[PDB]
Each structure stands twice: as structure tokens, then as C-alpha cells.
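Trainee:
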Amino acid sequence: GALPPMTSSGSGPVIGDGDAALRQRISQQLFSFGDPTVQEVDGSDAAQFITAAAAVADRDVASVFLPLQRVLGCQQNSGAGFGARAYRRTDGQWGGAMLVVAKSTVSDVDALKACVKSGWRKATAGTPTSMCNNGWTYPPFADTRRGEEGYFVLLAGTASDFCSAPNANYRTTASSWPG
């Protein structure tokens with residue numbers, strides 16, 4: 032039931048590259064556990080951990096990360115990739131990942147939504163020993179044309195206390211996403 036090793040290359044928050052302003056605002060949407068026993072890596076490092084975790088021999092662990100892996104293919108990139119962070123408890127028995135898409139980077143928001151719903155999964159609260167996943171968007175109507183950024187967030191993890199922290203925050207004002 033082990034997660035693969037998590038290696039950092041110092042990669043920043045956006046898969047591929049992004050403008051400094053984008054990396055900055057993306058990084059302010061990515062959750063951190065602030066926990067010295069939960070290793071965190073970003074961007075391509077996070078994508079590489081997602082892809083490795085989706086392929087582990089243990090199917091119950093791989094299933095946690097499959098929906099994340101499947102929506103990495105939804106990156107519409112010209113253009114930048116998704117924001118990403120992956121999390122691995124030191125014992126390798128707990129973790130997850132979240133993807134953050136900045137609405138202003140998405141050339142075809144309807145296509146992104148359709149791609150995500152092909153690859154994502156129904157929201158699952160899970161339990162302390164079973165996988166969770168959820169998706170949010172905020173603000174409800176991001177008028178990017180008035181300079182208001184919007185974000186799509188997808189997160190999934192090995193246990194309910196992975197998703198519960200960030201879920202609590204979003205549940206206050208964000209909307210379920212996608213339908």
C-alpha cells in the first residue's frame with residue numbers, strides 16, 4: 032500500500048512554465064499542510080508523482096490518483115499548464131494531490147469542463163482509510179474581463195483527512211465543479 036518516492040526538482044507551481052504573475056497567484060491557491068511529515072512538491076514534480084502513483088502495483092492506491100492522472104491530459108497548452119501540488123506523508127501511506135486551473139489561462143473553458151468530466155470522478159468524501167476527491171470553482175462568476183481571476187480546483191487523496199482540510203475552506207463560498 033506504499034506511495035512511490037517523491038522527488039523535488041525545484042520546479043515551480045505551474046506545470047510547464049508560466050509568467051511570474053501567474054505562478055505567484057497560482058501558488059496562493061495551492062493548499063499546504065504546514066506539516067513536517069507531509070512532503071509537498073509542485074508543478075511538474077507534482078505531475079510526475081501523480082503519474083507514478085496512478086501506476087503503482089497496489090490498485091487501491093493507484094485508484095486514488097487515476098482521476099488526477101486522467102485530467103492532466105486536459106491541459107490545453112502557447113499557454114501554460116495547470117497549477118499542481120502533490121503531498122506524501124513521510125511513511126508513504128497517506129497523500130494526495132490538487133490541481134488548480136487559472137481561468138485566464140484557459141482558451142476554451144467549455145472544452146476544459148468537458149475534458150475534466152470525462153476524466154474526473156464523482157465527489158467522494160471518503161473515510162480515514164479510504165480515498166476522497168472533490169472539485170470546486172471560485173468565485174462563482176469570475177469576470178476575468180474585469181481582471182477578476184477564477185480558478186478550477188480538483189483534489190483527491192488516500193483518506194478523508196486529505197480532502198477535508200481544503201474542502202472546509204472551499205465549502206464556505208465556492209461552487210461544486212464540474213457538474
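Letter by letter, the sequence shown follows residues 32 to 108, 112 to 213 of the entry's author numbering.
From the three backbone atoms N, C-alpha and C, an ideal C-beta is built for every residue, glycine too.
Which residue's Cα is closest to the Cα of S75: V45, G65, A84, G126?
Mentor: Checked all of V45, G65, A84, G126; the closest Cα to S75 is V45.
Trainee: For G65, is the classification buried or exposed, using 16 other Cβ atoms within 10 angstroms of its Cβ as the cut-off for buried?
Mentor: Flag for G65 reads exposed.
Trainee: How should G115 be labelled, buried or exposed, when 16 other C-beta atoms within 10 angstroms of its C-beta is the threshold for buried?
Mentor: buried
Trainee: Leaving aside the five residues before and after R101 along the sequence, list all residues of the same chain whose C-beta is less than 8 angstroms from its C-beta, in chain order.
Mentor: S152, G153, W154
Trainee: If you scan the region 57-97 from start to end, which runs of the beta strand (DSSP E) of 3 or more residues do you find wholly inside it?
Mentor: 69-73
Trainee: By the DSSP assignment, the alpha helix (DSSP H) with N203 in it spans what residues?
Mentor: 194-205
Trainee: With a cut-off of 8 angstroms on the beta carbons, I'd call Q107 and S141 a contact; round off their distance for me.
Mentor: The Cβ separation is near 6 angstroms, so the contact holds.
Trainee: Less than 7 angstroms between C-beta atoms, sequence neighbours within five positions excluded: which residues of the same chain meet that for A208?
Mentor: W170, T171, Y172
Trainee: State the CB to CB distance for the pair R56 and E183, rounded to an integer number of angstroms; the pair is presumed to be in contact (CB under 8 angstroms).
Mentor: Contact between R56 and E183 holds: their C-beta atoms lie close to 6 angstroms from each other, under 8 angstroms.
Trainee: Give the DSSP-derived three-state secondary structure of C166 in the structure shown.
Mentor: strand
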